[PDB]
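Listed next as structure tokens: two forms of one protein chain, kept apart as structure 1 and structure 2.
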Structure 1
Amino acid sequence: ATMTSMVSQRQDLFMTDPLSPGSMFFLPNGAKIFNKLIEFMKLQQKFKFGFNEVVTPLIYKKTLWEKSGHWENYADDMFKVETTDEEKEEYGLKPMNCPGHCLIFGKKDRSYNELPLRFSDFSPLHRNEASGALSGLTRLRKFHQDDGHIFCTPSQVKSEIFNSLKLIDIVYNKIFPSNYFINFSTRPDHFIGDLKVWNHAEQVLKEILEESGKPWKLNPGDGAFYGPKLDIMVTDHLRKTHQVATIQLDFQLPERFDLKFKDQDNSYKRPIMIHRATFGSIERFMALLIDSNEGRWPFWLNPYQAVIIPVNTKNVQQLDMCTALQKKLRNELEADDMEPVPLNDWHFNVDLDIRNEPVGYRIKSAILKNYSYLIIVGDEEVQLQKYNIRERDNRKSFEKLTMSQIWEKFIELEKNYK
């Protein structure tokens, strides 16, 4: 939070305003990061773990929330929506995507052949959290979940949760590095449904925990009102734990919505529903990212990937060399004709500091902003037609690379999420 605010000020990441407490503004550099993470998650979800993104309403009539049980469970924690006409039924601004995905499931007849049916959803969610509980980006009033719900059969539940934990291991152990433990969170005192169903639901998660081999801890009575959950817990540099990813086993909402599919014996069965998020919310995940990296973004995430600095800022040969590298790496098009920007090209975040200042000043400035690479161009470089390029960390080990070597180096960096 204090760390978040320092990095945000240095890098122009975010802003807040009392005219909308607990909602973030992502400034252009903040949104660059936000979007890259979403792009990353969407790729894994659509093209590896078999998810299908939907786009759902944000407001729903009171009746819907009464059906799902939320209007009950979270009555104060829900923002209410009204029209100028006092006769119409009131609305709720959504704090969860799941009743909407239940409406989708049950709008048409479903066949066992389309299960597991996996829906992802990146809608903004609103929760009227207690003002005293709000905190930077970790606990907000408006936030974005990398949300998904799976509809499946009893025999599918375990592999679906193991797949969900695979994606969690890819995020927290491989791409964004022991790294977490699981809270097994059981039946709360306010719950819906039969104690026998709840007991069976807890039984499943217990056996999954055992087979997974992963470290875990009982977290009594902190389950969702509709189901027990596996809560993935990360520790920040002050030894504080934070719930991010989560897998929730839900036998209750399919019952509230009377969800049905037809199986091979030509009869109707009730699906089981799995709630799941891997980032948790994009905002909280970003806060923990910053807490750990202190502004030192990996190359592929960095809103400041390289800066180019000419020793002599009014020298034509240096300038022309700097500009040409910038045009190459940004890979943009001019606004004055009609050729459109193609899909799936590379574009890198490369700036050109030609302020009339000593080189050491501009370098100092770029180090404070945590540029991944520093590219200096002087008369030596103009002769060689190579650029002098420095990584953020290794101040000593320079390289002299051509235009195309830097291009290829950067592409290789993004391919490998490095």
Structure 2
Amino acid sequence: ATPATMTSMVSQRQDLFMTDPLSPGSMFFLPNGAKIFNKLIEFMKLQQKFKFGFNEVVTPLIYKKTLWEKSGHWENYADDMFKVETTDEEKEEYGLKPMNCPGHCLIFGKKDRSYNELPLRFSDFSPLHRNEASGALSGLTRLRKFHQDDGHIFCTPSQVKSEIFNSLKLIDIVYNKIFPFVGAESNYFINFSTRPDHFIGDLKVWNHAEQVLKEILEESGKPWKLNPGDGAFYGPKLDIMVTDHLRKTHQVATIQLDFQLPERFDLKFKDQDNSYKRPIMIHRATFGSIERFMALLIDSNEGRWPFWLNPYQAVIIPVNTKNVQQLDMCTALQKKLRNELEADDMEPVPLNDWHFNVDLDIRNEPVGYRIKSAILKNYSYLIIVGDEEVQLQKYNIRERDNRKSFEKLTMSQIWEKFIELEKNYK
């Protein structure tokens, strides 16, 4: 079985995604797929805004050909770029953005910048488009449209290493802490991607940029490999490489050292001596393609999501669907955990309340088969209620991946237990 196949099998079983040839290379996120998608974005936004000092911006999707010419993307990134011309009488040429670099340069240039605000970090969770061949499309790994935690840092020379080390820290949080993956201790190795045949700028600067990067690479102690000619046209980069269960490698994140784009946009800040100076840019993405990241999570978990990510967090199963006592206790729990409001009052859903994806299977089917269905769907928890549970007023709850043991918990305890799980990414 291939990863694309595993992704597809899980998607069909959990109703995650769908595709349509009227929009080739672009995913549809069904409700369950969107829940996972949004969960990942929410998590990443938090780390970037409240831990790594990033400020999110929201940018246009299409830009006139001119901007791409000014950045150097139009030529030096021509084949990957999704180019269009409008079909109105005055056919203007456009590029759907394949990345946010130029737009973020416009933003940097919009206000007078001072050394006071460096490093200046912008994050952007926008749809990117890249027009690659039909025969190159594969599941969620290769798409024409995908989302990315695009990000750009504007800093001074003495800030470069610190900024890249903090970049690596976030990368490690994602790939070596929060998520489980199945050679070395780390779930990735670094590709040292060097000057491409077609590069913009001066060779001695390029040499300098590659020297700085390699020094950081060495100081990090992280395993790395030389990756000749795969740098961006504007600078060399550290590409984070994750390995398939079929031992195929994928770039999932990147850190790019860019001394060139600032030149092309005439970027400048007022230094600690009132002189003007070019900021250095660090391009960065931790998820890279969020779609690709999800595909790789699935390659490892085979649909067995962590509780906090799971669109199927818990199912509640009454032994006898005709029993009012069992039903009441089940319904009571579902309402508590879902924490929803009625559409009949003017009372709004408050910010930062907890809401859990828990379902209630009262289908007229044998209890054993309702349980088997829940198992196939990879519910993180199975919550069963029989006469004894009603009597004790405690729920029988067991975790999907624990085979024999189980807990008997009150409604309040389950509530707090789930809060604990999700709050801290279990």
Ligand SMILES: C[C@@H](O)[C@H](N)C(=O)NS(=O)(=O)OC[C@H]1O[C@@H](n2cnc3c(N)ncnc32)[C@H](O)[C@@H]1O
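Sequence positions of structure 1, starting at 1, serve as the residue numbers. Residues that one form lacks are left out of the comparison. In this text, rigid core is short for the largest set of C-alphas that superpose within 1.5 Å between two forms.
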{"query": "Label of the structure corresponding to the form solved in complex with this ligand", "finding": "1"}
{"query": "Mobile residue between structures 1 and 2, C-alpha criterion 2 Å or more, rigid core, from 336, 76, 339, 189", "finding": "76"}
{"query": "Yes/no, residue 89 Cα shift of 2 Å or more between structures 1 and 2 with rigid core fixed", "finding": "yes"}
{"query": "Core superposition result - C-alpha of residue 318, shift between structures 1 and 2, Å", "finding": "0.8"}
{"query": "Rigid core superposed, the C-alpha shift at residue 395 between structures 1 and 2 in Å", "finding": "2.9"}
{"query": "Shift in Å of the C-alpha at residue 108 between structures 1 and 2 after core superposition", "finding": "1.9"}
{"query": "Large-shift segments between structures 1 and 2, meaning 3+ residue runs whose Cα move 2 Å or more when the rigid core is superposed", "finding": "74-89"}
